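Undergrad: Following this message is one structure expressed as structure tokens.
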Amino acid sequence: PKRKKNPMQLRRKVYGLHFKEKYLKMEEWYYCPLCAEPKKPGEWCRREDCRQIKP
Amino acid sequence: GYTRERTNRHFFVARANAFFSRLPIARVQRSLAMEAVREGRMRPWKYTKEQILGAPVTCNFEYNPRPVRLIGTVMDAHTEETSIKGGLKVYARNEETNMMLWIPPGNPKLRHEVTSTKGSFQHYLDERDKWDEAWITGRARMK
Amino acid sequence: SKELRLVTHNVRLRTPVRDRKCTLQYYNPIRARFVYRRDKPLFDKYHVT
Amino acid sequence: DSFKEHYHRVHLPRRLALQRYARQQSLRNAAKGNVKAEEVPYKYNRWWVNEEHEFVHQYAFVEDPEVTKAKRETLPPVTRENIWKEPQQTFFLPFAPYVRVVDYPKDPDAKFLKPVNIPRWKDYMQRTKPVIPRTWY
Amino acid sequence: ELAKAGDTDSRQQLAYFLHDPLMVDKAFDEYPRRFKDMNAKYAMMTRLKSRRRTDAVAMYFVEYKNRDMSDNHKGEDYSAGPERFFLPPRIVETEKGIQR
Amino acid sequence: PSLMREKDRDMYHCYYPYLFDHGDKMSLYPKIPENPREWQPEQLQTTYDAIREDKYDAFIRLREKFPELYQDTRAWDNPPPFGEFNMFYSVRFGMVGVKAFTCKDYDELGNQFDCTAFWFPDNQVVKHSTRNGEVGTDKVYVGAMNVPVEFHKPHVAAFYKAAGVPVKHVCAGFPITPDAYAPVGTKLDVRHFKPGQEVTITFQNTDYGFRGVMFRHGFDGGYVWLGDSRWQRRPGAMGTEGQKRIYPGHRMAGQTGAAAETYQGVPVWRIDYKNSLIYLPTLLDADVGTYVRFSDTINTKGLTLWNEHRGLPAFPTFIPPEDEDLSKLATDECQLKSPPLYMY
RNA sequence: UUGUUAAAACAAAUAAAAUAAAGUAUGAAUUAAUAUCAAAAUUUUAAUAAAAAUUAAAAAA
RNA sequence: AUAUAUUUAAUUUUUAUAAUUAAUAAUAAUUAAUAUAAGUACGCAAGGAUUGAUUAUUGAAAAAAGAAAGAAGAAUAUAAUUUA
Ligand SMILES: [Mg+2]
Ligand SMILES: [Zn+2]
């Protein structure tokens with residue numbers, strides 16, 4: 001009973017929210033005021049400065 | 001056809017565990033215990049588990065016409081101080097009849113008094129062995 | 001008719017960059033949980049209330 | 001979209017428009033400088049006797065916009081001390097308790113000596129609703 | 001907490017639970033002076049932005065707070081590892097004179 | 001109730017003197033047609049009927065002469081004005097509480113009740129709302145658990161700003177009758193409820209996540225079957241229907257808990273109006289901190305809750321006297337216990 | 001729970017608690033006539049008819 | 001004793017706020033026995049009434065608007081129990 005699926009049935013998955021939020025989504029980032037690197041808020045660096053104070 | 005089991009309603013999903021701090025809940029528990037004490041449904045007690053464990057107790061259950069009296073040995077005390085929780089584990093034997101009761105304090109139709117805060121762990125062990133032997137004999141006769 | 005729409009196309013030649021605007025200062029549900037969260041073991045010399 | 005669903009989806013704005021048109025007649029009065037609330041005729045025919053010869057009472061209640069505004073603005077008076085102190089009764093006492101004992105008859109087993117003011121078992125069982133004249137409990 | 005207690009039963013329990021009795025002794029020697037002036041939350045966890053490659057799992061750096069006030073470790077740099085993993089850790093130039 | 005056809009509303013079935021409208025003044029006779037041609041050939045236009053006149057006159061005389069004997073017949077005129085509490089029309093808004101804890105109490109007969117204590121931190125009438133101004137379509141929103149401004153979301157802090165009421169954590173709406181209003185910002189004291197009162201509560205039970213079909217329905221989940229197909233009771237012919245699809249409502253595994261659960265008609269046990277606590281002898285399923293909503297039970301066993309035999313409510317809402325100070329008043333003094341009741 | 005022995009032990013078997021068995025990367029094979037495939041009910045035509053007709057309206061992941 | 005389609009059970013993550021509209025009569029045919037109803041009509045006697053309330057299951061029924069890559073815990077049930 002299984003059969004080959006037309007290209008339209010292969011593109012139905014991208015209409016759901018599960019596909020959009022998993023693969024194609026951007027990040028909210030800024031520059032680490034102590035490392036000058038892109039950093040997400042919540043995750044810090046190994047350096048002594050970034051551990052004592054959270055940049 | 002279709003129904004929904006979960007509700008993301010704000011009024012239902014919001015919680016107050018952060019604001020529970022402004023409620024003196026332990027003070028409310030102590031106030032309820034003190035009200036029970038002043039009414040006479042219970043009497044304050046301050047003993048430890050090993051001290052009370054193994055002390056004889058007499059409990060009278062008020063009942064018209066004749067209140068039923070029962071003398072047993074305290075097997076376990078659930079609380080060391082007085083509270084609305086309470087809990088005592090007594091073991092009493094009649095003529096060829098053993099029984100293990102869990103007396104809660106504060107019942108007006110139930111007056112239980114331990115004859116002495118001091119207890120004898122030897123008598124406690126004797127009562128425990130008697131109860132375990134009776135229970136094992138009952139189970140063996142059943143199965 | 002639709003023959004006019006068929007013969008005449010409409011296009012966006014070069015849309016501006018899709019770079020997201022600064023959204024750190026807006027409301028964010030994932031960062032909302034950390035506003036009242038105890039973070040004592042997160043700092044050593046610079047504890048702030 | 002079912003038949004009833006489509007019918008209601010297309011008629012509900014029309015129902016609201018009809019209600020707006022109805023209230024436009026009321027607003028006609030306040031427009032002329034004479035603001036007058038709607039008047040309803042009080043019906044005195046609401047106590048009936050049915051086919052089976054028992055009492056029926058219709059309930060008609062009206063709403064006063066001025067009283068609504070007054071309750072919105074002014075705070076209610078102080079609650080009564082006895083009202084908030086005396087607790088509400090748990091069990092509903094029967095309409096006619098059967099005492100089964102009266103001290104007036106010399107011989108209590110004498111069925112003819114019991115006073116008439118004591119209700120009977122038939123009333124004790126059947127009287128579960130108020131009497132014909134009195135409507136409320 | 002066990003080190004602040006400093007009881008013989010507490011030391012026996014820690015020696016039971018730990019692999020190295022030498023580390024047991026090191027802890028019981030250094031931690032009282034280190035955390036005399038603290039109540040709770042002695043350790044400190046910092047979530048690193050870099051994740052492990054094989055599992056894409058987040059990493060956390062857990063270290064004791066009072067490093068430079070009183071401890072055998074003092075004035076050491078943890079921003080980068082030493083030249084070799086068997087060499088002593090980096091030391092800040094400010095406190096190079098201290099000895100272990 | 002007793003069936004009463006509208007066609008049985010003639011004057012021969014009315015218990016009181018039937019009064020015809022007759023324009024502005026009520027009359028005892030049908031409106032005679034102003035146009036004489038409209039008179040039907042057999043319609044007997046009555047202007048004066050001695051029977052009805054004598055009956056109505058004697059009725060009015062007796063009503064005006066013996067008020068004590070005919071007190072119950074006074075409801076035929078001068079009805080109760082609008083605004084006063086009514087036994088069958090006046091419903092009041094409830095409150096929003098927080099499930100505080102659980103304990104156990106005992107009544108004087110000896111029955112043990114495992115009770116739960118709810119806490120009502122700050123009940124304040126926040127809003128009024130009616131949709132397009134229809135009948136019975138008005139409700140009162142009550143807010144609870146005052147919070148700072150940095151707590152709520154911006155779009156809800158904006159509403160609290162627009163309302164002017166102090167910003168509350170939660171807000172629940174109760175549908176009421178217009179004569180039970182309370183001005184915006186009214187503090188609701190817990191004594192709004194009575195100890196011998198039946199209450200309906202609504203909350204959210206705890207969440208268990210995805211659970212098996214056995215754990216969801218207990219023993220019921222193992223056997224689920226329903227056949228609406230026709231089957232031959234007697235071997236006379238052959239005919240039946242095949243149950244092609246699965247009927248909706250089939251009991252399977254899925255989300256368990258985390259739903260809006262409502263208990264109907266639980267009696268209050270005790271009330272503490274110093275710490276704003278209410279005790280209910282029913283163990284709930286929700287967690288600690290779930291914002292429950294309490295409302296008044298309409299009626300039980302065909303009997304209204306608020307009546308003269310049981311008691312009168314604090315309509316519209318309980319307001320404490322001026323000289324009362326809950327700070328000076330002790331905790332043990334603020335205890336109201338319900339009358340005893342046995343359930344076995 | 002059952003069965004065996006003796007005046008508690010052994011063997012079976014399931015239904016509650018507990019333990020594990022990834023949300024990471026690597027990645028086949030059965031199958032494949034097909035319209036972005038016809039949610040359902042009624043009636044009917046040469047055997048399940050998913051073939052036809054009549055009501056009805058069946059969202060997406 | 002093979003991973004399929006229709007159909008079902010759920011979910012799409014704080015939405016301040018239920019449902020005047022799909023559940024087209026009813027969650028029991030608006031019940032309903034029961035001590036007390038009654039050592040009582042009816043029956044020579046023996047025996048034996050209609051009956052509806054408190055004891056019970058009787059509220060019958062669907063909570064669809066806000067900025068989303070940590071554990072929705074900074075985790076030993078405290079929104080930081082003092083903290084260098
Ligand atoms: Mg959301
Ligand atoms: Zn950095």
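Chain labels A, B, ... are given in the sequence in which chains occur in the structure tokens; within each chain residues are numbered consecutively from 1, and ligands are likewise numbered from 1 in the order shown.
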Please provide as number ranges by chain all residues within 12 Å of residue E:11, with the sequence filter that same-chain residues fewer than 4 positions apart are discarded (counting only C-alpha atoms (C1' of nucleotides)).
TA: E: 1-7, 15-18, 21-29
Undergrad: Grab the residues selected above and save them as a CSV table (one decimal), in the first residue's frame with N, CA, C and O atoms.
TA:
```csv
chain,number,residue,atom,x,y,z
E,1,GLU,N,30.6,21.6,53.5
E,1,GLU,CA,29.9,21.5,54.7
E,1,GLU,C,30.6,20.5,55.7
E,1,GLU,O,30.7,20.7,56.9
E,2,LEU,N,31.0,19.3,55.1
E,2,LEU,CA,31.7,18.3,55.9
E,2,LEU,C,33.0,18.9,56.4
E,2,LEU,O,33.4,18.7,57.6
E,3,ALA,N,33.7,19.7,55.6
E,3,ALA,CA,35.0,20.3,56.0
E,3,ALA,C,34.7,21.3,57.1
E,3,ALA,O,35.5,21.4,58.1
E,4,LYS,N,33.7,22.1,57.0
E,4,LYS,CA,33.3,23.1,58.1
E,4,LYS,C,33.0,22.4,59.4
E,4,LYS,O,33.2,22.9,60.4
E,5,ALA,N,32.3,21.2,59.3
E,5,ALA,CA,32.0,20.4,60.4
E,5,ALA,C,33.3,19.9,61.1
E,5,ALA,O,33.6,20.2,62.3
E,6,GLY,N,34.2,19.3,60.3
E,6,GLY,CA,35.5,18.9,60.8
E,6,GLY,C,35.5,17.8,61.9
E,6,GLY,O,36.4,17.8,62.7
E,7,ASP,N,34.5,17.0,61.9
E,7,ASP,CA,34.4,15.9,62.9
E,7,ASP,C,35.1,14.7,62.4
E,7,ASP,O,35.3,14.5,61.2
E,15,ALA,N,36.4,10.1,53.7
E,15,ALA,CA,37.4,9.2,53.2
E,15,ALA,C,36.8,7.9,52.6
E,15,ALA,O,37.3,7.3,51.6
E,16,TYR,N,35.6,7.5,53.1
E,16,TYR,CA,34.9,6.4,52.5
E,16,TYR,C,34.4,6.8,51.1
E,16,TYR,O,34.6,6.0,50.2
E,17,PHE,N,33.9,8.0,51.0
E,17,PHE,CA,33.2,8.3,49.7
E,17,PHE,C,34.2,8.7,48.6
E,17,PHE,O,33.9,8.6,47.5
E,18,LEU,N,35.4,9.2,49.0
E,18,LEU,CA,36.3,9.7,48.0
E,18,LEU,C,37.3,8.6,47.6
E,18,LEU,O,37.6,7.6,48.4
E,21,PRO,N,42.5,9.5,49.7
E,21,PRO,CA,42.6,10.0,51.0
E,21,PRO,C,43.6,11.2,51.1
E,21,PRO,O,43.4,12.0,52.0
E,22,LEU,N,44.5,11.3,50.3
E,22,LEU,CA,45.4,12.5,50.2
E,22,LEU,C,44.5,13.7,49.9
E,22,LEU,O,44.7,14.8,50.5
E,23,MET,N,43.6,13.5,48.9
E,23,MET,CA,42.7,14.7,48.6
E,23,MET,C,41.7,14.9,49.8
E,23,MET,O,41.4,16.1,50.0
E,24,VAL,N,41.3,13.9,50.5
E,24,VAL,CA,40.5,14.1,51.7
E,24,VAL,C,41.3,15.0,52.7
E,24,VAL,O,40.7,16.0,53.2
E,25,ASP,N,42.5,14.7,52.9
E,25,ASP,CA,43.3,15.5,53.8
E,25,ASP,C,43.5,16.9,53.3
E,25,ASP,O,43.5,17.9,54.1
E,26,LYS,N,43.8,17.0,52.0
E,26,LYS,CA,43.9,18.4,51.4
E,26,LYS,C,42.7,19.2,51.6
E,26,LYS,O,42.8,20.4,52.0
E,27,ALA,N,41.5,18.6,51.4
E,27,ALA,CA,40.3,19.3,51.6
E,27,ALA,C,40.1,19.7,53.0
E,27,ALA,O,39.9,20.9,53.3
E,28,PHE,N,40.2,18.8,53.9
E,28,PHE,CA,40.0,19.1,55.4
E,28,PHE,C,41.1,20.1,55.9
E,28,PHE,O,40.8,20.7,56.9
E,29,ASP,N,42.2,20.2,55.2
E,29,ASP,CA,43.2,21.2,55.6
E,29,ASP,C,42.9,22.6,55.1
E,29,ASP,O,43.1,23.6,55.8
```
Undergrad: Just want the residues within 8 Å of ligand 2, written as a list in words, counting only C-alpha atoms (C1' of nucleotides) and all ligand atoms.
TA: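 Every residue with an atom at most 8 Å from ligand 2 is listed here: residues 32, 33, 34, 35, 36, 37, 39, 44, 45, 46, 47, 49, 50 and 55 of chain A.
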Undergrad: Using only C-alpha atoms (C1' of nucleotides) and all ligand atoms, which protein or nucleic acid residues are at most 12 Å from ligand 1, as JSON, numbers by chain?
TA: {"B": [7, 8, 9, 10, 13], "C": [28, 29, 30], "F": [153], "H": [12, 13, 14, 15, 65, 66, 67, 68, 72]}
Undergrad: Could you write out, as a ChimeraX atom specification, all the residues of chain D that DSSP marks as helix (DSSP H, G or I)?
TA: /D:3-31,65-73,81-85,121-126
Undergrad: Can you spit out the residues from that selection as a compact mmCIF listing (two decimals), in the first residue's frame, using N, CA and C atoms?
TA:
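File written: out.txt
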```txt
# COMPACT_ATOMS: atom_id res chain seq x y z
N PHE D 3 -24.20 23.48 8.13
CA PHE D 3 -25.32 24.34 7.75
C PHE D 3 -25.64 25.34 8.86
N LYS D 4 -25.81 24.84 10.09
CA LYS D 4 -26.11 25.73 11.21
C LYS D 4 -24.96 26.68 11.48
N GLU D 5 -23.72 26.19 11.35
CA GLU D 5 -22.56 27.04 11.59
C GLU D 5 -22.51 28.19 10.59
N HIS D 6 -22.71 27.90 9.31
CA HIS D 6 -22.71 28.95 8.30
C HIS D 6 -23.88 29.91 8.50
N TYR D 7 -25.06 29.37 8.82
CA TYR D 7 -26.22 30.21 9.07
C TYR D 7 -25.94 31.21 10.19
N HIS D 8 -25.42 30.72 11.31
CA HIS D 8 -25.14 31.62 12.43
C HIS D 8 -24.00 32.58 12.11
N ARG D 9 -22.97 32.11 11.40
CA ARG D 9 -21.85 32.97 11.06
C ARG D 9 -22.29 34.12 10.16
N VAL D 10 -23.27 33.89 9.30
CA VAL D 10 -23.74 34.96 8.43
C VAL D 10 -24.87 35.78 9.05
N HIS D 11 -25.55 35.25 10.07
CA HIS D 11 -26.68 35.96 10.67
C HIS D 11 -26.35 36.73 11.94
N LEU D 12 -25.29 36.35 12.66
CA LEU D 12 -25.01 37.01 13.93
C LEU D 12 -24.70 38.49 13.78
N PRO D 13 -23.88 38.94 12.83
CA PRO D 13 -23.78 40.39 12.60
C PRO D 13 -25.11 41.03 12.24
N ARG D 14 -25.97 40.32 11.51
CA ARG D 14 -27.29 40.85 11.21
C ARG D 14 -28.16 40.94 12.46
N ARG D 15 -28.04 39.97 13.36
CA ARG D 15 -28.75 40.05 14.63
C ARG D 15 -28.28 41.25 15.44
N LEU D 16 -26.97 41.48 15.49
CA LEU D 16 -26.45 42.64 16.21
C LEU D 16 -26.92 43.94 15.57
N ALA D 17 -26.96 43.98 14.24
CA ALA D 17 -27.46 45.18 13.56
C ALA D 17 -28.93 45.41 13.86
N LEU D 18 -29.72 44.33 13.95
CA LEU D 18 -31.13 44.47 14.29
C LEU D 18 -31.30 44.98 15.72
N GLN D 19 -30.48 44.48 16.65
CA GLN D 19 -30.54 44.99 18.02
C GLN D 19 -30.13 46.45 18.08
N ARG D 20 -29.13 46.84 17.28
CA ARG D 20 -28.74 48.25 17.22
C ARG D 20 -29.88 49.11 16.68
N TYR D 21 -30.57 48.62 15.65
CA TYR D 21 -31.72 49.35 15.12
C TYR D 21 -32.82 49.46 16.17
N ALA D 22 -33.01 48.42 16.97
CA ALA D 22 -34.01 48.47 18.03
C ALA D 22 -33.65 49.51 19.08
N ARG D 23 -32.38 49.56 19.49
CA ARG D 23 -31.94 50.55 20.46
C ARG D 23 -31.90 51.96 19.88
N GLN D 24 -31.86 52.09 18.55
CA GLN D 24 -31.94 53.41 17.94
C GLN D 24 -33.27 54.08 18.25
N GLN D 25 -34.36 53.31 18.32
CA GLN D 25 -35.64 53.88 18.71
C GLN D 25 -35.60 54.42 20.13
N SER D 26 -34.89 53.73 21.03
CA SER D 26 -34.74 54.22 22.39
C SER D 26 -33.88 55.48 22.42
N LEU D 27 -32.83 55.51 21.61
CA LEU D 27 -31.97 56.69 21.55
C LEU D 27 -32.68 57.88 20.92
N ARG D 28 -33.73 57.64 20.13
CA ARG D 28 -34.52 58.74 19.59
C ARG D 28 -35.05 59.65 20.70
N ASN D 29 -35.44 59.06 21.83
CA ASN D 29 -36.01 59.85 22.92
C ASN D 29 -34.96 60.73 23.58
N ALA D 30 -33.80 60.16 23.90
CA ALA D 30 -32.73 60.95 24.51
C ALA D 30 -32.15 61.97 23.54
N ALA D 31 -32.36 61.80 22.24
CA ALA D 31 -31.83 62.76 21.27
C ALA D 31 -32.61 64.06 21.30
N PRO D 65 -31.75 50.78 34.90
CA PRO D 65 -30.42 51.35 34.61
C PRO D 65 -29.94 52.35 35.65
N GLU D 66 -30.85 53.13 36.24
CA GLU D 66 -30.45 54.07 37.28
C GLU D 66 -29.94 53.33 38.51
N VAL D 67 -30.64 52.26 38.91
CA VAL D 67 -30.18 51.46 40.04
C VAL D 67 -28.86 50.77 39.71
N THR D 68 -28.67 50.36 38.45
CA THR D 68 -27.40 49.78 38.05
C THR D 68 -26.26 50.79 38.18
N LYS D 69 -26.48 52.02 37.71
CA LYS D 69 -25.46 53.05 37.86
C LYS D 69 -25.19 53.36 39.33
N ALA D 70 -26.25 53.37 40.15
CA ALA D 70 -26.07 53.64 41.57
C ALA D 70 -25.24 52.56 42.24
N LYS D 71 -25.51 51.29 41.92
CA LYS D 71 -24.71 50.21 42.49
C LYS D 71 -23.30 50.20 41.93
N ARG D 72 -23.11 50.70 40.71
CA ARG D 72 -21.76 50.83 40.16
C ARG D 72 -20.96 51.89 40.91
N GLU D 73 -21.58 53.03 41.19
CA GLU D 73 -20.85 54.15 41.77
C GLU D 73 -20.75 54.06 43.30
N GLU D 81 -24.13 42.52 61.39
CA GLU D 81 -23.31 41.74 62.32
C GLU D 81 -23.84 40.32 62.46
N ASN D 82 -25.14 40.18 62.74
CA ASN D 82 -25.73 38.85 62.87
C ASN D 82 -25.65 38.09 61.56
N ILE D 83 -25.80 38.79 60.43
CA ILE D 83 -25.77 38.13 59.13
C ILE D 83 -24.41 37.50 58.88
N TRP D 84 -23.33 38.21 59.19
CA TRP D 84 -22.01 37.63 58.95
C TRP D 84 -21.53 36.74 60.08
N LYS D 85 -22.13 36.82 61.27
CA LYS D 85 -21.69 35.99 62.38
C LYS D 85 -22.41 34.65 62.43
N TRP D 121 -48.39 12.70 59.53
CA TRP D 121 -47.39 12.02 58.71
C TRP D 121 -47.59 12.32 57.23
N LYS D 122 -48.84 12.45 56.80
CA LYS D 122 -49.11 12.76 55.39
C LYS D 122 -48.54 14.12 55.02
N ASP D 123 -48.72 15.12 55.88
CA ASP D 123 -48.10 16.41 55.65
C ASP D 123 -46.58 16.33 55.74
N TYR D 124 -46.08 15.60 56.74
CA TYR D 124 -44.63 15.42 56.89
C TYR D 124 -44.00 14.86 55.63
N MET D 125 -44.71 14.00 54.91
CA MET D 125 -44.15 13.39 53.71
C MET D 125 -44.41 14.19 52.44
N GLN D 126 -45.62 14.72 52.26
CA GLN D 126 -45.98 15.38 51.01
C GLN D 126 -45.59 16.85 50.97
```
Undergrad: At a cut-off of 6 Å, list the chain D residues touching chain F, using only C-alpha atoms, as a list in words.
TA: residues 45, 47, 48, 49, 71, 72, 73, 78, 79, 87, 88, 89, 90, 133 and 134 of chain D
Undergrad: Would you list which chain G residues are within 9 Å of chain D using only C-alpha atoms (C1' of nucleotides), as a PyMOL selection string?
TA: chain G and resi 56-58
Undergrad: With a cut-off of 8 Å and counting only C-alpha atoms (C1' of nucleotides), select all residues of chain C in contact with chain H and give the selection as number ranges by chain.
TA: C: 26-30, 33, 36-42, 45
Undergrad: Just to be explicit: take each residue in the selection above, keep C-alpha atoms, and write the result as a JSON list (two decimals), in the first residue's frame.
TA:
```
[["chain", "number", "residue", "atom", "x", "y", "z"],
["C", 26, "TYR", "CA", 12.38, 43.66, 23.82],
["C", 27, "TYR", "CA", 10.35, 41.19, 25.84],
["C", 28, "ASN", "CA", 11.60, 37.61, 25.58],
["C", 29, "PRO", "CA", 9.86, 34.62, 27.22],
["C", 30, "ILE", "CA", 13.01, 32.51, 27.61],
["C", 33, "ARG", "CA", 12.35, 33.21, 33.67],
["C", 36, "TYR", "CA", 13.66, 36.49, 39.44],
["C", 37, "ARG", "CA", 15.94, 33.44, 39.58],
["C", 38, "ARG", "CA", 18.43, 32.85, 42.39],
["C", 39, "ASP", "CA", 21.96, 33.19, 40.99],
["C", 40, "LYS", "CA", 24.12, 33.05, 44.12],
["C", 41, "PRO", "CA", 26.44, 30.26, 42.81],
["C", 42, "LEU", "CA", 26.92, 32.21, 39.57],
["C", 45, "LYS", "CA", 33.58, 38.65, 43.67]]
```
Undergrad: Report the closest atom pair, with its distance in Å rounded to one decimal, for each residue of chain H that has an atom no farther than 8 Å from chain D; count only C-alpha atoms (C1' of nucleotides), sort by chain and then rising residue number, and write it as CSV.
TA:
```
residue,atom,partner,partner_atom,distance
H:21,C1',D:8,CA,5.8
H:22,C1',D:5,CA,6.3
H:37,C1',D:121,CA,6.9
H:52,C1',D:126,CA,6.0
H:53,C1',D:125,CA,5.8
H:54,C1',D:94,CA,7.8
```
Undergrad: Write a file of the selected residues as a PDB file, in the first residue's frame, keeping C-alpha atoms (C1' of nucleotides).
TA:
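To be explicit, this is the file written out as part33.pdb:
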```
ATOM      1  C1'   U H  21     -23.600  29.250  17.477  1.00  0.00           C
ATOM      2  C1'   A H  22     -22.137  22.320  15.741  1.00  0.00           C
ATOM      3  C1'   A H  37     -44.320   6.352  56.240  1.00  0.00           C
ATOM      4  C1'   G H  52     -43.529  10.598  48.269  1.00  0.00           C
ATOM      5  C1'   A H  53     -39.008  14.081  51.067  1.00  0.00           C
ATOM      6  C1'   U H  54     -34.054  13.638  54.848  1.00  0.00           C
TER       7        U H  54
END
```
Undergrad: I'd like the contact shell of stretch 222-233 of chain F - 10 Å cut-off, only C-alpha atoms (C1' of nucleotides), skipping same-chain residues fewer than 3 positions apart - returned as a list in words.
TA: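 Counting only C-alpha atoms (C1' of nucleotides), the residues come to residues 213, 214, 215, 217, 218, 219, 236, 237, 238, 239, 240, 241, 242, 243, 246, 247, 249, 250, 251 and 252 of chain F.
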Undergrad: List every residue of chain G that has an atom at most 12 Å from any atom of chain B, giving for each one its closest atom pair and the distance in Å to one decimal, counting only C-alpha atoms (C1' of nucleotides), sorted by chain and then by ascending residue number, as CSV.
TA:
```
residue,atom,partner,partner_atom,distance
G:1,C1',B:143,CA,10.6
G:2,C1',B:143,CA,10.7
G:3,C1',B:143,CA,11.7
G:6,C1',B:140,CA,11.7
G:7,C1',B:140,CA,10.7
G:8,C1',B:140,CA,7.7
G:9,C1',B:140,CA,11.7
G:39,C1',B:1,CA,11.1
G:40,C1',B:1,CA,11.7
G:58,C1',B:1,CA,11.9
```
Undergrad: Would you output that residue set with C-alpha atoms (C1' of nucleotides), as a PDB file, in the first residue's frame?
TA:
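Result written to part.pdb:
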```
ATOM      1  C1'   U G   1      -2.596 -15.693  42.626  1.00  0.00           C
ATOM      2  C1'   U G   2      -1.874 -20.898  42.116  1.00  0.00           C
ATOM      3  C1'   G G   3       0.426 -25.629  43.214  1.00  0.00           C
ATOM      4  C1'   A G   6       5.853 -29.406  56.899  1.00  0.00           C
ATOM      5  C1'   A G   7       3.688 -28.003  61.974  1.00  0.00           C
ATOM      6  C1'   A G   8       7.954 -21.568  56.798  1.00  0.00           C
ATOM      7  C1'   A G   9      10.450 -22.972  52.177  1.00  0.00           C
ATOM      8  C1'   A G  39     -13.572  13.862   5.547  1.00  0.00           C
ATOM      9  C1'   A G  40     -18.457  11.216   6.165  1.00  0.00           C
ATOM     10  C1'   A G  58     -13.839  17.663   5.128  1.00  0.00           C
TER      11        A G  58
END
```
Undergrad: Need to verify the contact set: residue F:121, 8 Å, only C-alpha atoms (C1' of nucleotides), exclusion of same-chain residues closer than 6 positions in sequence. Can you return it as a list in words?
TA: residues 97, 98, 144, 145 and 276 of chain F
Undergrad: Please, could you write that set of residues out with C-alpha atoms as a short mmCIF file (atom, residue, chain, number, x, y, z; two decimals), in the first residue's frame?
TA:
```cif
data_model
loop_
_atom_site.label_atom_id
_atom_site.label_comp_id
_atom_site.auth_asym_id
_atom_site.auth_seq_id
_atom_site.Cartn_x
_atom_site.Cartn_y
_atom_site.Cartn_z
CA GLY F 97 -8.00 31.86 46.19
CA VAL F 98 -4.66 30.06 46.40
CA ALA F 144 -5.86 38.66 43.03
CA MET F 145 -2.25 38.47 44.25
CA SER F 276 -7.85 35.13 54.75
#
```
